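Shown here is one chain on its own, the form deposited in one PDB entry, set out as structure tokens.
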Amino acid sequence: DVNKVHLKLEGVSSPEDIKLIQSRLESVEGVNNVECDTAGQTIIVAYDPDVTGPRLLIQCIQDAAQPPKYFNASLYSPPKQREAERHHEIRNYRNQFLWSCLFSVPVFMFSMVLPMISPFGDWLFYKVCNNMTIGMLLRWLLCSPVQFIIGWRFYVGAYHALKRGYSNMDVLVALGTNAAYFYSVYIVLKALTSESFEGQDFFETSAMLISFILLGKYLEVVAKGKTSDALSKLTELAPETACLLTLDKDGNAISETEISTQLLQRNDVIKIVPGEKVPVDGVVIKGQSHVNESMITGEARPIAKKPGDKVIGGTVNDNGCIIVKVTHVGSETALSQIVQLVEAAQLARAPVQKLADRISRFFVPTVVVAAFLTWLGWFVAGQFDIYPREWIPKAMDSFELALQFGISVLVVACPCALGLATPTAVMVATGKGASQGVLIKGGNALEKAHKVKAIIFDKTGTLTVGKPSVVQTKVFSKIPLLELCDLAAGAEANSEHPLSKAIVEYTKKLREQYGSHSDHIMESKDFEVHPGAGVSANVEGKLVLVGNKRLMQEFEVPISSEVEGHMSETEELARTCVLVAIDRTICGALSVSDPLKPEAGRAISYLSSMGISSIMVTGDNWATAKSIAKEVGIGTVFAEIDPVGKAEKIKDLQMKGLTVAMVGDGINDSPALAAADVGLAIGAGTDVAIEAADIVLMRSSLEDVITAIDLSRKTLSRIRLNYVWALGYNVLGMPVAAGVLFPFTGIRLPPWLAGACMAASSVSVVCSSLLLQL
């Protein structure tokens, strides 16, 4: 913005308006450079960042607004265009595969079914000049579009492997169509020239290979996962407008209008009405209010801000309008750092080299050498005349038979199920995971999650807490349990702290635990709110004392044994983990804190059983992090870690190998969630964490992590087996294609049971969805 702006005119289609805008901009001094892109109806304005402001430029643009349109100038790009791009890709691949089927299925049918079928089987035998048949010509004409027109991708892939020294899936593995087609053309031409030549064409294999490879590409695009990602959520987290605050106070006149935050500059002021999301980072001039800092800290404790403190863009205040002088804006904001980390992580994942490409790299030389060896062997055997002469078919020589047995190896040795292996395991894995409640967006997660050795958990909503709540209550004030809850609710009647509200819901839970919520309470008078001490309030004229020993002494309440037993670590000194909550008399207290685990302990134990270690990287107090690490069992723990520090930890672990996986809950985790090998998000968390991860967990459960890892392990199994079965019949029929059978048996090669092993291979590439991981 302040550095360079792409002012795209809206509703402008004539160069005269652009020229008027150019003249108006040149009439204003301060812009370093004006790039005049006449073609495109857009203009680039570059100038020194952190001076003046785009508001003057926008006003100058708006001064030229004339009918029939309104001349708006701001950077227009099509947002969430990757969804439409994914639809375009899906339509393109589906229609191309459908066209390949429309040309291949007739070839296969006319080749294999009609010859055996009832009277319409001699229609594709009616001879032409010499021994050219109607069937051969029709198969040629139908298959020719498939080999060439739809094969442009394959030929350009082969030409892209010109001298680079590699054999991808678009090399002879898929170009065996090129050999089969040319051999079939040779057969047809010779039948046109020869007089008996009882032979058959191989047009089936080319069309079938093209169809299966296009199906593999289509299914790969389908199983690639949900449409990339969406960094737009990070920007949506920032406010779109801000209240300009040149209002009354000394050198500030009246302003209250809402101006775009992107248009705000340094040395500006925003007040943020209570209950508003702060636009940009700043330093407060005056004002006391609590903010829900979660972009950096990640927790939900209301941080109190007094005059002279700072503020982080994205949070919401609740205790009044807090005027703030604007600090660093734009690319220097903390949210900007988070965003930049996100796209740096996104444009750093090199796509995994498909095992199909590796095989084809180490399979084409094998096939070519094998075919050449068969050709040489039969050529030698014919030139030295070992095998009987009558073995050769009519009108053929030894060299022709050698060529036949050589090209047979090339035709049979065609993967034709290699591209169908990974897609038709990833799809089934994703479906079964969605059934189990583990939605896995992207197959890349499927292949990279099996080798995960380290996992990194987060604390403020990932492993421990859904929302703060009370645990481990004991009788206090030497009063009945129901009337304990009576005191609790009576004290809560005037306090509205988030911990106090959690006490309200937990008291309601106790009430319904005693059969049902018994009636209601009396109002608490004298809501003094003693600083430091806590809530002191006359409940029906009786003073409840939710607060520490100072509040005990201000009402002259004694001290007892447990008073020094239940805080610090979590349950060591000050009688309640995060609060005090004694009420009027002393007999005990409660244990308001964050929840511990619904299952997390056994999940971590099972993860350690499989060898995957766990590391905790939180952004909370050291004491709580140590407490949780001791409780659940995580050894390594890091506290007060910003998202940048999380990314650095991921980078260090990755540099030590041991492909990592982060389980995230909120804004704090997103940089590491994108920077890890695979991202895990808790469904109960916020939208940005759901978006930034690769394996979102539908139901909030740590056991979903082990389900995902187990699913990835079982899909890395049943995929090497899929590759084995895809190599399978082809590599086992390579000897049959070569000819080692004709010396022993009488059959040379069944024309139908030569290409009709790819169907068996395709059926053998089938996966069952029975996980049962417990």
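What we label the rigid core is the largest C-alpha set whose atoms superpose within 1.5 Å from one form to the other. Numbering starts at 1 and follows the sequence shown.
There is another form of the same protein, the form deposited in another entry; it is not shown, and what comes next is about it.
The comparison between the shown form and the other one, aligned on the rigid core, picks out a single residue among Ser294, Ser408, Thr430, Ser524 whose CA moves by 2 Å or more, and that residue is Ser524. When two forms of a protein are overlaid on their rigid core, residues whose CA moves 2 Å or more are considered shifted, and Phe120 is one of them between the shown form and the other one. Remark: with the core as the superposition reference, the CA shift of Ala344 between the shown form and the other one stays below 2 Å.
Remark: with the core as the superposition reference, the CA shift of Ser609 between the shown form and the other one stays below 2 Å.
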